[PDB]
Amino acid sequence: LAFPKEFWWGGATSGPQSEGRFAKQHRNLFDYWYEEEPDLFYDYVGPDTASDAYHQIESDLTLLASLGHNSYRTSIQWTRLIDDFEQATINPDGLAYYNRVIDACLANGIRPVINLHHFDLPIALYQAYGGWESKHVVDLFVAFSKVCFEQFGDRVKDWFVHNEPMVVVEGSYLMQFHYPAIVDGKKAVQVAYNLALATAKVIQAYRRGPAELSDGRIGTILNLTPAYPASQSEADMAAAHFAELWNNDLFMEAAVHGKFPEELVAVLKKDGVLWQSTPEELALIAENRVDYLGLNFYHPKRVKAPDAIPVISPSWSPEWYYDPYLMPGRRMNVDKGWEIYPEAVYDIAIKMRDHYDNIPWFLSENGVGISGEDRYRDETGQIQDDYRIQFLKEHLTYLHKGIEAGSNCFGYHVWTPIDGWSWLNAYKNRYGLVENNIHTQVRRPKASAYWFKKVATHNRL
């Protein structure tokens, strides 16, 4: 089993999850949340130290190259790089930190891949304006991104505007797992819109810069996991069909095709929840599409027709039109209550092939979280994470079938190289190829890392 030439191999992380708040000038939504309610975080570990990459980025990258990685994706924190949001002034220390990060990639022969926003809106922006509810903030985010392009576009040729903006939509305005953790469909939907707008506006800005800083590729990091219907009935089918229009299609269509999905707009109007837009806005969005995409995948989704239809709703919610469905006999990860079903990666590959023009995309996150890794140390102290190996392998296998079948997939990233801080779960579940001891910050490669090195170095399975 062999992969194309130039295939990205490596893993993904983020600024907020790897750095620590060392020297960080502002607080992002999660930093604020942790200072206010540290009881909400597993074992009371918040993001102050996280995985210490503010100190250890250089040695991390050396370890990763020695483990066969040719690329690395992390994120630049709005709250680290920018002094004054309003004018996007530069914080020199912030600036010197990310240059260390870029230069250390290149220096180790690791293509630097950069995301601009990973659930880390500055709290001050939410307080003043309602954050992503505001098109002003969208402008500030746009200004933040020109700075990055200006300062890093010389070395960084691979840009992504958001990590999974629907997760922000949901966590913040629907399911209560991002601050502000409010329930409000109307705000959810507008914020969806703004994130999509931000995306086109950022892509616009990137593409206006001088030749030497705009000869890279830019896109966004989405999801495309299917919503498998419980059966082939027409009510279950309509449920899945909606689950995808909301969960997958809304952002996918904006990024790849220049448009929002009509069917979805009609439902939103019929429900008095449609977003405020501007024909000038819709055109920027038509004009600025991604060069490419990352799709993250951890678990399938499964839906049925709702057991109960309510006549009045406190708040609007795509979950009107569907319920979760468990499939008798499915394989599962207990620690996380997630179904393991790698075949879905093949389906994601085909869906890109036939419905999003087979534009290039990579699998930007794939990984498995387990919670007591100390139980799998061998007499050498190393974690023997045979489960992680099997998981990554199976998903990689299907990704291969997907490529073999004509899908324009250029890469695979494991979430995550070194155990990192997973939000409310913190360090409960570990995802890393390389162990991290959150007390001493000492890294230490698990079996999975050596299996992955073999895969990466020889470009095959």
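Here, every reference points to the structure presented above.
Anyway, here's the lowdown on the structure attached to this text.

Cut-offs applied
- Residues numbered from 1 in each chain as written, not as in the entry; some residues may be left out.
- Heavy atoms only, no water.
- Helix = DSSP H or I, 4+ residues; strand = E, 2+ residues; numbered from the N terminus.
- Rg over C-alpha atoms; globule rule 2.2 N^0.38 Å.
- Buried < 20%, exposed > 50% of the residue type's maximum accessible area, 1.4 Å probe, protein only.
- Contact = heavy atoms within 4.5 Å.
- Areas by Shrake-Rupley, 256 points an atom, 1.4 Å probe, with all protein chains shown as cover.
- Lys, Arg positive; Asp, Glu negative; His and termini not counted.
- Charge placed at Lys NZ, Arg CZ, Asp CG, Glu CD.
- 1 Å grid on protein atoms, 1.4 Å probe; cavity = no way out; pocket = protein on both sides within 12 Å on 5 of 7 lines; lining within 4 Å.
- Points joined across faces, edges and corners; volume = space filled by probe spheres on them.
- Nonpolar A, V, L, I, M, F, W, Y, C, P; charged D, E, K, R; others polar.
- Pairing = 2+ DSSP bridges.
- Axes fitted to C-alpha atoms, helices over the stretch in contact; angles between N-to-C directions.
- Polar contact = N/O pair within 3.5 Å; in protein donor to acceptor, adjacent residues only side chain to side chain.
- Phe/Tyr/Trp six-rings, centres within 6.5 Å; stacked < 30°, edge-to-face > 60°.
- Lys NZ or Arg CZ within 6 Å of the ring centre and 35° of its normal.
- Core = buried A, V, L, I, M, F, W, Y, C linked by side-chain atoms within 4.5 Å.
- Salt bridge = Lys/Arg side-chain N within 4 Å of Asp/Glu carboxyl O.

## Observations concerning the overall build of the chain
For step 1, the next point in the chain: Across its full length, the chain holds 15 helices and 15 strands.
For step 2, the next point in the chain: Relative to the compact-globule value of 23 Å for 461 residues, the chain shows a C-alpha radius of gyration of 21 Å, a close match.
For step 3, the next point in the chain: Its C-alpha atoms put the chain at 60 × 55 × 45 Å along the principal axes.
For step 4, the next point in the chain: In the chain, which comprises 461 residues, the proportion classed as buried is 59%.
For step 5, the next point in the chain: A separation of at least 24 residues holds for 77% of the contacts in the chain among residues at least 6 apart in sequence.
For step 6, the next point in the chain: Accessible surface, the chain: about 18,000 Å² in total, of which carbon and sulfur atoms supply 52%.
For step 7, the next point in the chain: Side-chain charges of the chain comprise 43 positive and 60 negative groups, with the mean position of each set lying 4 Å from the other.

## Quick word on the layout of surface pockets
For step 1, the next point in the chain: Taken as a whole, the largest pocket holds about 1,500 Å³ of empty space.
For step 2, the next point in the chain: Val167, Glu170, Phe177, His299 and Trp338 are, among the 49 residues lining the largest pocket, the residues nearest its centre.
For step 3, the next point in the chain: Residues belonging to the lining of the largest pocket are distributed by class as follows: 26 nonpolar, 14 polar and nine charged.
For step 4, the next point in the chain: What the second largest pocket holds in volume is close to 240 Å³.
For step 5, the next point in the chain: Lining the second largest pocket are 16 residues, and of these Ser371, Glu373, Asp374, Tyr427 and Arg430 lie nearest its centre.
For step 6, the next point in the chain: When its residues are assigned to classes, the lining of the second largest pocket shows five nonpolar, three polar and eight charged.

## Details of the side chain of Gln204
For step 1, the next point in the chain: Along the chain, the position of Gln204 falls in helix 9 (residues 185-208).
For step 2, the next point in the chain: Not counting chain neighbours up to four residues away, the residues in contact with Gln204 comprise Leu284 and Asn288.

## A word on the sheet that holds strand 7 (residues 292-296)
For step 1, the next point in the chain: Taken together, eight strands build a closed barrel; the order of strands is 1-2-3-4-5-7-12-13 and the barrel is parallel. Taking each pair of neighbouring strands and ignoring which way they run, the sheet shows an average axis angle of 25 degrees.
For step 2, the next point in the chain: Sitting on the sheet, helix 14 (residues 386-404) is in contact with strand 1 (8-12), strand 12 (361-366) and strand 13 (409-414), with an inclination near 170 degrees to strand 13.

## Quick word on the side chain of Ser71
For step 1, the next point in the chain: Looking at the secondary structure, you find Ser71 in strand 2 (residues 71-75).
For step 2, the next point in the chain: Polar side-chain contacts of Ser71 include one of 2.7 Å to the backbone oxygen of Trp9.
For step 3, the next point in the chain: A polar atom in the side chain of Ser71 sits 3.1 Å from the side chain of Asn70.
For step 4, the next point in the chain: Setting aside residues no more than four positions away along its own chain, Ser71 makes contact with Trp8, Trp9, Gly10, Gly11, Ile110, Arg111 and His413.

## Re the packing of aromatic side chains
For step 1, the next point in the chain: In this structure the tally under the stated criterion is 49 aromatic pairs.
For step 2, the next point in the chain: Ring centres of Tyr97 and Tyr98 lie 5.1 Å apart, and the angle between their planes is 75 degrees; this geometry places the pair in the edge-to-face category.
For step 3, the next point in the chain: Residue class for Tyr97 comes out buried when judged on its relative accessible area of 3%.
For step 4, the next point in the chain: Both rings, one in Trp246 and one in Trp316, keep their centres 5.4 Å apart while their planes meet at 75 degrees; by these two values the pair is edge-to-face. Highlighted residues: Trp246 in helix 10 (residues 234-257) and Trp316 in the loop between strand 8 (301-304) and strand 9 (323-324), separated in sequence by 70 residues.
For step 5, the next point in the chain: Residue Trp246 is classed as buried on the basis of its relative accessible area of 0%.
For step 6, the next point in the chain: Owing to a relative accessible area of 5%, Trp316 belongs among the buried residues under this scheme.
For step 7, the next point in the chain: Within the aromatic cluster, the residues linked to one another by ring pairs are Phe30, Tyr32, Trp33, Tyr34, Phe41, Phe119, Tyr126, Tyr179, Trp421 and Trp423.
For step 8, the next point in the chain: Sitting over the ring of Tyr54, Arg100 keeps its end group 5.9 Å from the ring centre.
For step 9, the next point in the chain: Directly above the aromatic system of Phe410 lies the positively charged group of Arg217, at a separation of 5.3 Å from the ring centroid.

## Quick word on the sheet that holds strand 9
For step 1, the next point in the chain: Pairing within the open sheet is mixed, and its three strands lie in the order 6-8-9. Where the open sheet ends on each side, the last strands, each with one partner, are strand 6 (227-229) and strand 9.
For step 2, the next point in the chain: The pairing of strand 8 with strand 9 spans two bridges and is antiparallel. Considered in strand 9, the bridge of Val303 is made with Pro324.

## Quick notes on the nonpolar core
For step 1, the next point in the chain: Residues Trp78, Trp159, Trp246 and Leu293 are the most contacted members of the largest nonpolar core, which totals 139 residues.
For step 2, the next point in the chain: Looking at this core, the element that brings in the most residues is helix 9, giving 14 residues.
For step 3, the next point in the chain: With near-sequence residues (within four places) excluded, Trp246 lies in contact with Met166, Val169, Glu170, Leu174, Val189, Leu264, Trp316, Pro318 and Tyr322.
For step 4, the next point in the chain: Of all hydrophobic cores here, the second largest spans seven residues; its members include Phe160, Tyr292, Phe362 and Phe410.

## A few points about the pattern of salt bridges
For step 1, the next point in the chain: Tallied over the entire structure, the rule returns 31 salt bridges.
For step 2, the next point in the chain: Linking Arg27 and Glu35 is a salt bridge whose minimum nitrogen-to-oxygen distance equals 2.7 Å.
For step 3, the next point in the chain: Close ionic contact of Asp184 with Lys187 constitutes a salt bridge, the shortest N to O distance being 3.4 Å.
For step 4, the next point in the chain: Connected through salt bridges with shared partners, the residues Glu373, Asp385, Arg388, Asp419, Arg430 and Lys446 form a single ionic network.

## Section: unusual backbone geometry
For step 1, the next point in the chain: The amide bond that connects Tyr179 to the next residue, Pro180, takes the cis arrangement and shows omega of 0 degrees.
For step 2, the next point in the chain: Examined against the element boundaries, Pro180 turns out to sit in the loop between helix 8 (165-173) and helix 9.
For step 3, the next point in the chain: Here the bond from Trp415 into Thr416 is cis, since omega is 15 degrees, no more than 30 degrees from zero.
For step 4, the next point in the chain: Relative to the helices and strands, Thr416 resides in the loop between strand 13 and strand 14 (434-436).
For step 5, the next point in the chain: Unusually for a residue other than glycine, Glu164 sits at a positive phi of about 50 degrees.
For step 6, the next point in the chain: Positive phi values are uncommon outside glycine, yet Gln176 reaches one of about 65 degrees.
For step 7, the next point in the chain: Here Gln176 is to be found in the loop between helix 8 and helix 9.
For step 8, the next point in the chain: Classification of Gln176 as partly exposed rests on a relative accessible area of 47%.

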